[PDB]
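Report on the structure given below.
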Protein chains: 6
Amino acid sequence: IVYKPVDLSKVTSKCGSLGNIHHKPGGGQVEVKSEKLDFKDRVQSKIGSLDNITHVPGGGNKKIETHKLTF
Amino acid sequence: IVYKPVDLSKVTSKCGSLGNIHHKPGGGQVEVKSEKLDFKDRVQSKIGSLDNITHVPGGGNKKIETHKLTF
Amino acid sequence: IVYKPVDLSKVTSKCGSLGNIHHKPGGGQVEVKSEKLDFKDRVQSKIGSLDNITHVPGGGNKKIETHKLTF
Amino acid sequence: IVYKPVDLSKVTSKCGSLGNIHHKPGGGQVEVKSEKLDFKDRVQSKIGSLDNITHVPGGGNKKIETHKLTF
Amino acid sequence: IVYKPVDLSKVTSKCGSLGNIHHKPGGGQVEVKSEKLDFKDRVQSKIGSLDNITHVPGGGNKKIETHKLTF
Amino acid sequence: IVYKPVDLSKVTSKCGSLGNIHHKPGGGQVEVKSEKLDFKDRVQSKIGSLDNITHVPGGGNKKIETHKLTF
């Protein structure tokens with residue numbers, strides 16, 4: 001009996017922003033005027049001009065291998 | 001008995017923004033005027049001009065491989 | 001008995017925005033005027049000019065292999 | 001001008017299991033035998049004899065009133 | 001001008017298990033025998049004999065009033 | 001001008017298990033035998049005989065009043 005399995009396989013995730021070219025990106029002028037506002041609960045606010053954003057909660061990788069020889 | 005399986009396979013995810021060209025993207029002017037506003041519950045706000053956004057909760061990658069030889 | 005399966009497969013997902021060319025995209029001028037508004041529940045708000053957005057919850061990848069030799 | 005609306009209303013939900021009588025309910029004998037099982041997947045398993053279960057995602061209640069007098 | 005609106009209303013949820021009688025409820029004998037089992041992912045298991053269960057994600061209650069007098 | 005609105009209303013949630021009678025509930029005998037088991041991921045297990053369970057994520061209560069007099 002000769003048990004010689006070969007795993008030579010590849011398991012790859014490429015997730016998010018990759019290999020992109022951004023040549024001279026111009027964000028515009030941004031003006032925010034706020035007067036006499038009331039907030040009675042949680043506020044989360046973002047003000048910008050140019051943003052690049054990547055989260056990637058994903059791209060997770062999972063390999064399970066089992067080898068049994070019974071005689 | 002000779003047991004010589006070969007896995008040479010490739011298992012790949014390419015997820016999100018990739019290999020893109022963004023040549024001279026121009027965001028416009030943004031003006032926000034807020035006056036006399038009332039909010040009684042959670043506020044989440046974004047103000048911008050030019051955005052690139054990739055989330056990728058996906059692109060996850062699962063391999064299961066079982067070998068049994070029973071004599 | 002000779003057991004010699006060969007797996008040489010490719011299992012590939014390409015999901016989202018890829019290989020795109022965006023040449024001189026111009027976002028327009030955006031003006032938002034909000035006066036005397038009342039909100040009694042959750043607000044989620046986005047103001048922009050030019051956006052690129054990719055979510056990709058998908059593109060997930062799953063391979064299962066079982067090899068049995070019983071004698 | 002006299003503005004004297006009277007609201008004496010009831011808005012009621014009764015949802016799930018209520019006002020029931022269960023007299024000497026007898027669960028049977030339960031035997032589960034599991035041998036040589038393989039699971040490649042999420043397993044959610046319940047073994048019991050006698051159950052009473054109420055979920056009630058519903059029964060939600062919503063009342064909106066607006067009173068305007070303009071002169 | 002006499003603005004004397006009256007609210008005397010009731011807004012009620014009764015959700016889940018209530019006012020029930022369970023008289024001598026008998027769970028049976030439960031036997032679980034598990035041999036040589038393999039699990040490759042998340043397992044959630046419950047073994048019992050007699051259960052009473054109430055979830056109630058629901059039964060939520062929401063009242064909104066607006067009163068305007070404008071002159 | 002006489003603005004004398006009266007709220008005398010009630011806004012109530014009764015959620016879960018309440019006003020129930022459980023008279024001599026009998027859990028049965030429970031036997032769990034496990035031999036030669038393999039688990040490769042998170043296990044959550046509950047073994048009991050008699051259970052009473054109430055979660056109640058719900059039953060939430062929300063009242064908004066706005067009173068305006070403008071002259």
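By convention in this document, the chains of the structure tokens carry letters A, B, ... by their order, each chain's residues are numbered from 1, and ligands are numbered from 1 in the order they are shown.
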From a DSSP pass on the backbone, collect the residues of range 10-71 of chain F flagged as strand (DSSP E) and hand them back as a ChimeraX atom specification.
/F:10-18,21-23,30-35,38-39,43-47,50-54,61-70
Given the selection you just returned, output its residues as a file containing N, CA, C and O atoms, formatted as a compact mmCIF listing (two decimals), in the first residue's frame.
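Saved the output as again36.txt:
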# COMPACT_ATOMS: atom_id res chain seq x y z
N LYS F 10 -52.56 56.24 27.89
CA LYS F 10 -51.63 55.20 28.35
C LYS F 10 -50.99 54.48 27.17
O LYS F 10 -51.68 54.13 26.22
N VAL F 11 -49.69 54.19 27.23
CA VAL F 11 -48.93 53.50 26.18
C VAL F 11 -48.11 52.38 26.80
O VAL F 11 -47.10 52.62 27.45
N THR F 12 -48.55 51.14 26.62
CA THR F 12 -48.12 49.98 27.43
C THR F 12 -47.66 48.82 26.57
O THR F 12 -48.33 48.44 25.62
N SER F 13 -46.54 48.20 26.92
CA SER F 13 -46.16 46.87 26.43
C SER F 13 -46.12 45.87 27.59
O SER F 13 -45.55 46.13 28.64
N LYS F 14 -46.74 44.71 27.40
CA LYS F 14 -46.64 43.52 28.26
C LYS F 14 -46.10 42.37 27.42
O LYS F 14 -46.83 41.78 26.64
N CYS F 15 -44.79 42.14 27.49
CA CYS F 15 -44.07 41.25 26.58
C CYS F 15 -43.29 40.16 27.32
O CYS F 15 -42.59 40.46 28.29
N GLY F 16 -43.41 38.92 26.86
CA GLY F 16 -42.69 37.76 27.39
C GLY F 16 -43.62 36.69 27.94
O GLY F 16 -44.57 36.30 27.28
N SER F 17 -43.32 36.22 29.15
CA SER F 17 -44.15 35.28 29.89
C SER F 17 -44.72 35.97 31.13
O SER F 17 -43.95 36.40 31.99
N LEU F 18 -46.04 36.11 31.24
CA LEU F 18 -46.67 36.78 32.38
C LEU F 18 -48.08 36.27 32.69
O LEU F 18 -48.83 35.92 31.79
N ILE F 21 -49.74 30.07 34.91
CA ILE F 21 -49.67 29.06 35.97
C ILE F 21 -49.02 27.80 35.40
O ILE F 21 -49.54 27.21 34.46
N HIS F 22 -47.96 27.32 36.04
CA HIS F 22 -47.28 26.05 35.74
C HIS F 22 -47.38 25.13 36.96
O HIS F 22 -46.65 25.31 37.93
N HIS F 23 -48.32 24.18 36.98
CA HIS F 23 -48.63 23.37 38.15
C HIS F 23 -48.00 21.99 37.98
O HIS F 23 -48.36 21.26 37.06
N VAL F 30 -33.09 12.67 30.99
CA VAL F 30 -32.32 12.95 29.77
C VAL F 30 -30.95 12.29 29.87
O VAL F 30 -30.21 12.53 30.82
N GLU F 31 -30.61 11.45 28.91
CA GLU F 31 -29.30 10.81 28.80
C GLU F 31 -28.64 11.16 27.47
O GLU F 31 -29.18 10.87 26.41
N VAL F 32 -27.46 11.75 27.53
CA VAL F 32 -26.63 12.03 26.35
C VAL F 32 -25.33 11.25 26.46
O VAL F 32 -24.57 11.45 27.41
N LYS F 33 -25.07 10.36 25.50
CA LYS F 33 -23.82 9.61 25.37
C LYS F 33 -23.14 9.97 24.06
O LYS F 33 -23.73 9.81 23.00
N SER F 34 -21.91 10.46 24.13
CA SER F 34 -21.10 10.89 22.98
C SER F 34 -19.78 10.14 22.96
O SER F 34 -19.05 10.17 23.95
N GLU F 35 -19.44 9.49 21.86
CA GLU F 35 -18.19 8.74 21.71
C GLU F 35 -17.50 9.07 20.39
O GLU F 35 -18.10 9.00 19.32
N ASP F 38 -15.47 14.42 16.55
CA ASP F 38 -14.56 15.52 16.20
C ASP F 38 -15.33 16.78 15.78
O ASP F 38 -16.13 16.73 14.86
N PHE F 39 -15.02 17.91 16.41
CA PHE F 39 -15.55 19.23 16.05
C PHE F 39 -14.40 20.15 15.61
O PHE F 39 -13.47 20.38 16.38
N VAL F 43 -18.64 25.25 18.87
CA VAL F 43 -19.75 24.44 19.37
C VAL F 43 -20.43 25.18 20.51
O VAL F 43 -19.78 25.55 21.49
N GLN F 44 -21.74 25.36 20.43
CA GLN F 44 -22.55 25.75 21.58
C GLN F 44 -23.64 24.70 21.83
O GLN F 44 -24.41 24.35 20.95
N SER F 45 -23.64 24.15 23.03
CA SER F 45 -24.46 23.00 23.40
C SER F 45 -25.20 23.26 24.70
O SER F 45 -24.59 23.71 25.67
N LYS F 46 -26.49 22.95 24.75
CA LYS F 46 -27.27 22.99 25.99
C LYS F 46 -27.97 21.66 26.20
O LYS F 46 -28.71 21.20 25.34
N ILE F 47 -27.76 21.06 27.37
CA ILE F 47 -28.44 19.84 27.81
C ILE F 47 -29.19 20.16 29.10
O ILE F 47 -28.59 20.62 30.07
N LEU F 50 -36.02 20.30 32.29
CA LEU F 50 -37.11 21.27 32.29
C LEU F 50 -36.57 22.69 32.07
O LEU F 50 -35.76 23.16 32.86
N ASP F 51 -37.06 23.39 31.05
CA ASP F 51 -36.67 24.78 30.74
C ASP F 51 -37.88 25.71 30.65
O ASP F 51 -38.84 25.41 29.95
N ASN F 52 -37.77 26.90 31.23
CA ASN F 52 -38.60 28.06 30.91
C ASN F 52 -37.69 29.19 30.44
O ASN F 52 -36.80 29.60 31.19
N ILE F 53 -37.88 29.71 29.23
CA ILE F 53 -36.98 30.70 28.62
C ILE F 53 -37.78 31.87 28.07
O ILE F 53 -38.70 31.68 27.28
N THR F 54 -37.39 33.10 28.41
CA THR F 54 -37.93 34.33 27.82
C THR F 54 -36.80 35.24 27.34
O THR F 54 -35.97 35.63 28.15
N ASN F 61 -40.77 50.99 23.60
CA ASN F 61 -41.83 51.98 23.71
C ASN F 61 -41.30 53.38 23.38
O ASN F 61 -40.27 53.81 23.91
N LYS F 62 -41.99 54.11 22.51
CA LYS F 62 -41.54 55.38 21.93
C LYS F 62 -42.71 56.34 21.80
O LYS F 62 -43.64 56.10 21.04
N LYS F 63 -42.65 57.45 22.53
CA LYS F 63 -43.66 58.51 22.49
C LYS F 63 -43.01 59.84 22.10
O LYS F 63 -42.07 60.28 22.75
N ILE F 64 -43.53 60.50 21.07
CA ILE F 64 -43.12 61.84 20.63
C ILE F 64 -44.32 62.77 20.68
O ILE F 64 -45.36 62.48 20.10
N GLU F 65 -44.17 63.92 21.32
CA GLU F 65 -45.17 64.98 21.35
C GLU F 65 -44.51 66.25 20.81
O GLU F 65 -43.40 66.59 21.23
N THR F 66 -45.18 66.98 19.94
CA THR F 66 -44.78 68.34 19.57
C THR F 66 -45.97 69.28 19.77
O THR F 66 -47.03 69.02 19.22
N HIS F 67 -45.80 70.35 20.53
CA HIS F 67 -46.80 71.41 20.72
C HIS F 67 -46.23 72.74 20.23
O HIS F 67 -45.23 73.22 20.76
N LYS F 68 -46.86 73.35 19.22
CA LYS F 68 -46.51 74.68 18.73
C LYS F 68 -47.72 75.61 18.81
O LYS F 68 -48.79 75.28 18.32
N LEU F 69 -47.53 76.78 19.39
CA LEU F 69 -48.44 77.91 19.30
C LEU F 69 -47.68 79.06 18.65
O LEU F 69 -46.67 79.51 19.19
N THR F 70 -48.12 79.52 17.48
CA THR F 70 -47.47 80.59 16.72
C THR F 70 -48.41 81.78 16.58
O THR F 70 -49.56 81.61 16.17
Chain B onto chain E, all Cα, least squares, as a short mmCIF file (atom, residue, chain, number, x, y, z; two decimals) with C-alpha atoms, in the first residue's frame:
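result23.cif, freshly written:
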data_model
loop_
_atom_site.label_atom_id
_atom_site.label_comp_id
_atom_site.auth_asym_id
_atom_site.auth_seq_id
_atom_site.Cartn_x
_atom_site.Cartn_y
_atom_site.Cartn_z
CA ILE B 1 -60.04 80.68 20.19
CA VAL B 2 -60.20 77.75 22.68
CA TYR B 3 -57.95 74.75 21.90
CA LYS B 4 -58.85 71.91 24.33
CA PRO B 5 -58.16 68.51 22.65
CA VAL B 6 -58.28 65.47 25.00
CA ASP B 7 -56.35 62.25 24.37
CA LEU B 8 -57.64 59.61 26.78
CA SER B 9 -56.76 56.62 24.51
CA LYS B 10 -54.95 53.34 25.37
CA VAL B 11 -52.22 51.79 23.15
CA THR B 12 -51.36 48.29 24.31
CA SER B 13 -49.33 45.26 23.20
CA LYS B 14 -49.82 41.84 24.91
CA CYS B 15 -47.19 39.67 23.21
CA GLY B 16 -45.77 36.20 24.03
CA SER B 17 -47.18 33.59 26.44
CA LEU B 18 -49.77 34.99 28.88
CA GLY B 19 -52.66 33.86 31.09
CA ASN B 20 -51.95 30.19 30.13
CA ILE B 21 -52.49 27.22 32.49
CA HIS B 22 -50.09 24.26 32.26
CA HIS B 23 -51.43 21.60 34.63
CA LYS B 24 -49.08 18.59 35.24
CA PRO B 25 -47.14 18.72 31.89
CA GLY B 26 -44.89 15.62 31.71
CA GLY B 27 -41.81 15.60 29.45
CA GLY B 28 -40.83 12.10 28.24
CA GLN B 29 -37.50 10.25 28.59
CA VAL B 30 -34.85 11.43 26.05
CA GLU B 31 -31.85 9.30 25.05
CA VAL B 32 -29.21 10.66 22.62
CA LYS B 33 -26.35 8.38 21.45
CA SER B 34 -23.76 9.98 19.14
CA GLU B 35 -20.89 7.84 17.84
CA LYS B 36 -18.04 8.57 15.40
CA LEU B 37 -19.42 11.95 14.10
CA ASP B 38 -17.33 14.64 12.31
CA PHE B 39 -18.36 18.35 12.18
CA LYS B 40 -16.37 20.81 9.94
CA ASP B 41 -18.41 23.99 10.72
CA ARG B 42 -20.38 25.68 13.58
CA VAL B 43 -22.66 23.40 15.67
CA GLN B 44 -25.49 24.70 17.87
CA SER B 45 -27.36 21.97 19.78
CA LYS B 46 -30.17 21.68 22.34
CA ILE B 47 -31.22 18.46 24.12
CA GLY B 48 -34.13 18.66 26.62
CA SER B 49 -37.36 17.00 27.78
CA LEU B 50 -39.87 19.80 28.64
CA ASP B 51 -39.54 23.38 27.23
CA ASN B 52 -41.52 26.61 27.39
CA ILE B 53 -39.91 29.29 25.13
CA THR B 54 -41.03 32.87 24.26
CA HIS B 55 -38.89 35.14 22.01
CA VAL B 56 -40.99 38.34 21.44
CA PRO B 57 -38.76 40.48 19.13
CA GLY B 58 -42.11 42.23 18.40
CA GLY B 59 -44.75 43.91 20.61
CA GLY B 60 -42.96 47.29 20.12
CA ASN B 61 -45.12 50.38 20.52
CA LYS B 62 -44.92 53.82 18.80
CA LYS B 63 -47.06 56.98 19.36
CA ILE B 64 -46.52 60.33 17.54
CA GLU B 65 -48.78 63.28 18.48
CA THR B 66 -48.43 66.78 16.95
CA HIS B 67 -50.47 69.87 17.95
CA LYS B 68 -50.13 73.16 15.97
CA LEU B 69 -52.11 76.38 16.49
CA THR B 70 -51.11 79.19 14.07
CA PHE B 71 -52.84 82.58 14.41
#
